[PDB]
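Visitor: Just dropping this structure here.
Values in this text are rule-based calculations from the coordinates and carry no lab data. All Cβ positions, even for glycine, are placed from backbone atoms using ideal geometry, and neighbour counts span all protein chains on display.
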Amino acid sequence: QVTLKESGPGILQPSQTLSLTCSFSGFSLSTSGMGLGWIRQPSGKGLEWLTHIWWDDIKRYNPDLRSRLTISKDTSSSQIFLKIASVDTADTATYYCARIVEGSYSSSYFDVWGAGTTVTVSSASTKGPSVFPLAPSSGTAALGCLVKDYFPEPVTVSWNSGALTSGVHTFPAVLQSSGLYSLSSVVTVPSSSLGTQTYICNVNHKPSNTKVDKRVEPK
Amino acid sequence: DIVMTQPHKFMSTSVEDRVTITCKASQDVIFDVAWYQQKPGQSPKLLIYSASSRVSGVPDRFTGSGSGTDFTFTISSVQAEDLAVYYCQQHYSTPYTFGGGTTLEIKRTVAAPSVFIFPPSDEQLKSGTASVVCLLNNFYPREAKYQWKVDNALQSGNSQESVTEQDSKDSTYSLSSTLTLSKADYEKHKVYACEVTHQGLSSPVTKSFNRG
């Protein structure tokens, strides 16, 4: 019945200080053999331990980042906190709060993990996407939408307002050197549909409160 | 400082099969190694610690073994929900370090990529940029090779790609590449081509267009 819930600021600019909070129930950070700490994961990458704090206030830190990390507990409200100073784009990641425990042989394994909070570090401004058609050429046809130059993640893409789902691939976004994301969403359809069926990609970019509905037709 | 190495980013299995994932430590870590499972969209989940001790409630088909620098993780009969990323971790000494992960994928009949090329739209060209898109659709296995050729000249450094997760219904992958040129550079050339090779392809497949 252990629960950990991370909260953070979502988006930051380079050189700002990231402050994260983890609220926990279902155990006391005061009982022995118990700790609480932070582990991050950049999108599509692996895991990096950052720091944890034990029930007796012993603090451990990743040495490559000790000069920027600070961890602290407040038992009085069942919470721990992480500061990461002067962030840069490399600190973009999902940040998980995780309970570390001590066993009789060994210890430093994490037996409960929170759902994570996502942090993007960027000097980019919030910006809805431009949506360009990927027009079916002239069996099976493919068409799609290039969803370009937006910030931040995520966008969602549906087709014909949710009616078209089979054959849809909405690809992971890539980060362009401009600092803006770009992604494509494609769908394969019967060629015999191209003159009669209407195809519209519905792009939702909640960070900018933007919806784009773009009809894709042969050229 | 201690490097955990999982030699395979991907491993292929079939349901009910037996699969073993390995993990090599750069230094002796006694037998202080954990194993985490991470399903897409969710957070990691501890399955095994101290090399061989299972977590309460974790299904008995999961097993771990090893000592020193060599550790293994075994699934007795891969169930469909076991398709996920698996990470080892040494918990012998700070700093605690994770392996690069191993993605467990499902084997299926070879399917060649369906290739499509998309010229840039007029709407985008009016704004100053040209994005050319190559799609490689519904293929298996995951390893596929593509090349951008502009006027039969190899393009390098001006395209980004991404790949979907293995499809949950037909177990295929798809790949999307965007080549991005200035409207100026786009106009300097005639034939835009994407050329694909793959285990399912007897001979390379090329899709191309002529600008305008």
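Visitor: Tell me what the protein assembly as shown gives for mean residue ellipticity at 222 nm when only DSSP H runs of n ≥ 4 count, each as -39,500 (n - 2.57), the sum divided by the residue total, rounded to 500 deg cm²/dmol. Display every interim value, and only then the final one.
Guide: Working: 2 runs with 11 residues, N = 431.
The helix contribution divided over the protein assembly as shown gives -500 deg cm²/dmol.
Visitor: In addition: Give me Rg/Rg_expected for chain B, where Rg uses Cα atoms only and Rg_expected = 2.2 N^0.38 Å with N residues.
Guide: Numbers: Rg = 22.2 Å, N = 212, 2.2 N^0.38 = 16.8 Å.
Against the empirical 2.2 N^0.38 Å value, I get 1.32 for chain B.
Visitor: In angstroms, what radius of gyration and Dmax does chain A have, counting Cα atoms only?
Guide: 22.5, 71
Visitor: Give me the net charge of B:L83's neighbourhood, meaning all other residues with Cβ under 10 Å from the Cβ of B:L83; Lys, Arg count +1, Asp, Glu -1. Mind dumping the intermediate values first?
Guide: On the way: positive: B:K39; negative: B:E81, B:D82, B:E105, B:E165.
Summing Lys and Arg as +1 and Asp and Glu as -1 gives -3.
Visitor: Average partner chain C-beta neighbours within 10 Å, per residue of B:129-140? Before the final figure, lay out the partial values.
Guide: On the way: counts 4, 0, 6, 0, 6, 0, 8, 0, 6, 4, 0, 0.
Mean inter-chain Cβ contacts per residue within 10 Å come to 3.
Visitor: What number, in percent, do you get for the relative contact order of chain B if the mean sequence gap of Cα pairs under 8 Å and at least 6 apart is divided by its residue count? Mind dumping the intermediate values first?
Guide: Details: 495 pairs, mean separation 38.6, N = 212.
Result for chain B is 18 percent.
Visitor: For every other residue with a beta carbon closer than 15 angstrom to the beta carbon of A:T3, add +1 if it is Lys or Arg and -1 if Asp or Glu, then tell me the sum. Write down the numbers at each step before the final one.
Guide: Values: positive: A:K5, A:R99, B:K45; negative: A:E6, A:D111.
For residues surrounding A:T3, the net value is +1.
Visitor: Determine the distance separating the Cα centre of the stretch A:51-66 from the Cα centre of the stretch B:171-194; give it in Å without decimals.
Guide: Cα centres, the stretch A:51-66 to the stretch B:171-194: 48 Å.
Visitor: Quick one: divide the alpha-carbon radius of gyration of the protein assembly as shown by 2.2 N^0.38 Å and tell me what you get.
Guide: Working: Rg = 24.1 Å, N = 431, 2.2 N^0.38 = 22.1 Å.
In units of the 2.2 N^0.38 Å rule of thumb, it is 1.09.
Visitor: Now for a different question. Could you check what % of the DSSP bridge pairs in the protein assembly as shown are antiparallel, to the nearest 5? Don't skip to the answer; put the middle values down first.
Guide: Numbers: 135 of 142 bridges.
Just about 95 percent of them are antiparallel.
Visitor: Let me make sure I get this right: for the stretch A:3-121, a, b and c are the square roots of the gyration tensor eigenvalues over alpha carbons, sorted descending. Under 1.5 in a/c it's rounded, otherwise prolate if a/b > b/c, else oblate. Which is it? Intermediate values should be presented prior to the final figure.
Guide: Values: a/c = 1.73, a/b = 1.61, b/c = 1.07.
In terms of gyration-tensor shape, prolate.
Visitor: Extent of the stretch B:95-172 along each principal axis, from alpha carbon coordinates, in Å, largest to smallest?
Guide: Projected onto the principal axes, the Cα atoms of the stretch B:95-172 cover 48, 42, 26 Å.
Visitor: I would also like to ask the following. Could you name the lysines in cross-link range of B:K183, using Cα to Cα under 26 Å and dropping any fewer than eight places away on the same chain?
Guide: Answer for B:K183, where 26 Å is the Cα cut-off: A:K127, A:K148, A:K214, A:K219, B:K126, B:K149, B:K207, listed by chain and number.
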